[PDB]
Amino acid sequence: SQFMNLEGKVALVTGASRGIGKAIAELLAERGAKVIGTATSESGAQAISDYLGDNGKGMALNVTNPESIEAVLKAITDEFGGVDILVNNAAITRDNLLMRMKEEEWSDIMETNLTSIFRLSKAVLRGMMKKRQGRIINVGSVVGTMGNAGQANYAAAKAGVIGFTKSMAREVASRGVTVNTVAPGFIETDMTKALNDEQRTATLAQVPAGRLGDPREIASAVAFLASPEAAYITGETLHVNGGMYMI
C-alpha cells in the first residue's frame, strides 16, 4: 500500500550485523527502502549483504574515522543516490562506576556514541537539505533520559545525542528534514542474554510490561519515524521501554 511506504528511499543503518540494527535494516527493506547496513569489518559487511539480498548491501564503516565515512557515502551515492534516511545505531558500552571509570573508557564512549553522530549526520545532511527531504533517526537508550549507575559515560553520550538532535531539528526543519531519537528500554539481545538470572529478574522488576522488548519493536518505531507520514515529527524522543520510564 502507500502507507508507511519507503520505496525510493536510500537508508544507511549503522551497526546492522545483529540485534536492533539488523531488525531495523530488515524492516526498512521490507517497507521498500534500499538499505545499506554497516559493520566495523568486511566479514560483518558480508553477513549484512547476505541477509539483505536484492534489497541492499553491507558495507564496512569505521564510525570514528573521517576517511571511511567519505568512501562509504561516495559508494552509496554512486550506486543508490543520496542517503535519504540515516539510522545511527552503532554504539558501544564501557561500563564502570565513576570512581573506577578510566579516561579511555570516557573518551571511547564519547567518540563512538556521540562524536560519531555529529560526523555522520553532518556528512549526510547537505544532500538531504538540497532535496528538502530527509530523516535522521538516532537509536538512543532509556539510560540517556533516566540515567543509570555504572553507565555515566553511556548516559552522557546518549543524552548528548538528544541535545544535538533538538538543535539539528531546529536548524533543518523548514527544509523538510526531520531529526529524532528512538530510545529503547531493556531489549533482548546478546548482551542481555549474557546476564545471569538474578540480574535479568532485577531488571525486569523495573519494567511494567514484565518482559524484555524485541529488536523488531525498536525497528517498528524507527520505520515509523522514517516514513513520509512522520513528516511533522521532529526533535522528538520516542520511548520504547515497556513503561520502565514515562516522560
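Numbering starts at 1 and follows the sequence shown.
- Note on 110-118 vs 155-163: mean CA B-factor is higher in 110-118.
- Checked against the record, the higher mean CA B factor of 89-97 and 67-75 lies with 67-75.
- Per the PDB record, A205 has a higher Cα B-factor than any other of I187, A205, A183, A219.
- Of the candidates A29, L212, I36, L195, the PDB record gives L195 the highest C-alpha temperature factor.
- In the PDB entry, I136 places in the lowest third of its chain by CA B-factor.
- In the deposited entry, the Cα temperature factor of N5 sits in the middle third of values across the chain's modelled residues.
- Per the PDB record, residue ranking by Cα B-factor puts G81 in the highest third of the chain.
- Among the modelled residues of the chain, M128 sits in the middle third by CA temperature factor in this PDB entry.
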